[PDB]
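A quick write-up on the structure given underneath.
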Amino acid sequence: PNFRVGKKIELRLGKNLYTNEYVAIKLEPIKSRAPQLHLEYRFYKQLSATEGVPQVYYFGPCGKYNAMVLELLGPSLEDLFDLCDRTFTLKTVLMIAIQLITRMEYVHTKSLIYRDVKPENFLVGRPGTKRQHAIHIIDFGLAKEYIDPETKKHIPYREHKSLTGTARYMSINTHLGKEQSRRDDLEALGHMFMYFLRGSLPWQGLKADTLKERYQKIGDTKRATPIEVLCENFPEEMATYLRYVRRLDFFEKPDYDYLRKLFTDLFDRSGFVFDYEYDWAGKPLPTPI
Ligand SMILES: Nc1ncnc2c1c(I)cn2[C@@H]1O[C@H](CO)[C@@H](O)[C@H]1O
């Protein structure tokens, strides 16, 4: 349709001219060597049929750029994490986790692996909207098809991959240079869940002579940190989740129902109600508007 573009939030704020609804506009130089935005558009369209991703409204030229126009959502879990003094309660982590296992299952069901799990990439809905309490997944810049579309077969196992990604959440097998698969998306979520609960991960803050060596140093520490220690003083289901996903084979389909039951059983046993009343409920949320 017809859109106008505003200030930076390259991501910009924009407006649908006929509805006067705000939107987000991602921009890539039209003269780019290595254009990637069209590829990310492709992924969002593959995933269109769920309400856990932003809607995309347009891909094409806005001037000296190509533009992808998408639904404007709320703050990221990292934004909200900061708001809540960098810890989340169990109830809030569980509501997040149950949603994101389902979200990740849906991405996997559409033949894609995500490969960029981090709290910055999960957003609540826009304050005041119907889906304001839902958690959404964004940014498929690192995503990849794990099922070849002609052969209908899973991508081959491969080693010595070079590391791109947020070192903090990545799976141990990713650290090792292995081709990422479904398992790795779920392990990374697990690391993020512990991050939320603990306030931090014990391999945060590590520094090295290079970024390559920082990845290695962080991987060493993940390998040297037993799940029993990492999840010490937190429910066993957290460790149960982590052990399960750490043991998954490269080609293995995860039992998403099982992992979800771990958490939904604990949620109920804990006496929690799925009210979408998060730690950040009632707090004034940031907006570009
Ligand atoms: N569609 C959207 N609606 C609202 N905000 C958005 C998006 C998208 I795509 C990204 N963001 C914000 O930009 C930060 C960097 O990805 C993210 O951490 C996030 O806060």
Side-chain angles (χ1 to χ4, degrees), residues 1 3-7 9-14 16 19-29 35-44 46-50 52-60 62 65-84 86 88 92 96 99-100 103-104 106-107 110 112 114-129 132-143 164-170 185 188-189 191-193 195-196 278-280 283-289:
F3 299 110
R4 293 182 161 169
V5 59
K7 63 186 193 179
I9 64 176
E10 184 174 352
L11 186 77
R12 299 266 176 161
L13 187 68
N16 179 318
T19 61
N20 272 320
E21 310 248 313
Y22 291 106
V23 295
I25 307 184
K26 205 165 171 194
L27 295 180
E28 190 186 58
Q36 300 159 345
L37 185 72
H38 55 109
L39 305 178
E40 182 176 8
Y41 176 65
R42 285 178 192 191
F43 288 149
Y44 275 111
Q46 257 189 104
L47 303 171
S48 300
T50 189
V53 280
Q55 266 162 314
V56 302
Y57 305 121
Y58 173 85
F59 179 84
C62 251
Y65 298 85
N66 282 299
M68 189 173 174
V69 175
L70 35 190
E71 167 172 27
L72 182 73
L73 297 177
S76 67
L77 295 176
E78 180 67 15
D79 284 334
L80 302 163
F81 194 57
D82 281 326
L83 244 90
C84 300
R86 323 254 311 151
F88 285 135
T92 280
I96 287 159
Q99 293 174 66
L100 290 190
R103 202 92 327 123
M104 209 63 219
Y106 182 94
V107 170
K110 296 295 192 197
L112 301 170
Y114 183 55
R115 307 160 77 216
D116 199 15
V117 167
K118 61 192 191 183
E120 288 81 13
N121 283 354
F122 304 104
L123 319 188
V124 287
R126 221 233 279 194
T129 54
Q132 66 176 111
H133 286 109
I135 302 184
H136 298 73
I137 185 171
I138 61 157
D139 199 339
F140 293 85
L142 273 174
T164 308
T166 294
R168 186 184 298 172
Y169 310 102
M170 60 166 59
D185 282 337
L189 285 177
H191 290 152
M192 199 181 66
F193 305 150
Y195 171 78
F196 291 164
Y278 299 96
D279 288 1
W280 60 80
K283 321 268 286 301
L285 313 177
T287 34
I289 58 147

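Read the numbers this way: they start at 1 and go in the same order the structure lists the ligands and their atoms. Throughout, residue positions are numbered sequentially from 1 according to the sequence presented. Computed from heavy atoms alone, side chains included, the values below leave out hydrogens, waters and symmetry copies.
Among all protein heavy atoms, the one lying closest to atom 16 (O) of ligand 1 is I138 CD1, 4.0 Å. In this structure, the protein non-hydrogen atom closest to atom 11 (N) of ligand 1 is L11 CD2, 3.5 Å. Annotation: atom 19 (C) of ligand 1 to nearest protein heavy atom, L123 CD2, 3.7 Å.
Using cut-offs of 30° and 60° on the angle between ring planes, the pair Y114 and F122 is tilted. Aromatic ring pairs are classed by plane angle as parallel below 30°, tilted from 30° to 60° and perpendicular above 60°; the pair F196 and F81 is tilted.
Close N/O approach between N121 and ligand 1 is not found [any backbone or side-chain N/O within under 3.5 Å]. Close N/O approach between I9 and ligand 1 is not found [any backbone or side-chain N/O within under 3.5 Å]. For the pair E120 and ligand 1, the shortest N or O to N or O distance falls below 3.5 Å.
Only the backbone of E71 comes within 4.0 Å of ligand 1, counting heavy atoms alone; no side-chain atom from C-beta on gets that close.
Scanning for ring-ring contact (aromatic ring centres under 6.0 Å, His included) contacts around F193 gives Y241, with sequence neighbours left out. Applying the ring-ring contact (aromatic ring centres under 6.0 Å, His included) test to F59 and every residue at least two apart in sequence or in another chain returns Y41.
Atom CD1 in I138 sits 7.5 Å away from atom CG in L73 (nearest 0.5 Å). We find the CD-CD distance between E28 and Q36 to be 6.0 Å, quoted to the nearest 0.5 Å. Expressed to the nearest 0.5 Å, how far CZ of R103 lies from CD1 of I96 amounts to 12.0 Å.
The shortest separation from a heavy atom of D139 to ligand 1 is not under 4.0 Å, leaving the residue out of contact.
Between the side chain of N16 and the backbone N or O of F3 there is no donor-acceptor pair closer than 3.5 Å.
Remark: atom 14 (C) of ligand 1 lies closer than 4.0 Å to no protein heavy atom. In this structure, atom 4 (C) of ligand 1 has protein heavy atoms in its sub-4.0 angstrom surroundings.
Contact atoms of ligand 1 toward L72: 3 (N), 4 (C) (distance under 4.0 Å to a heavy atom of the residue).
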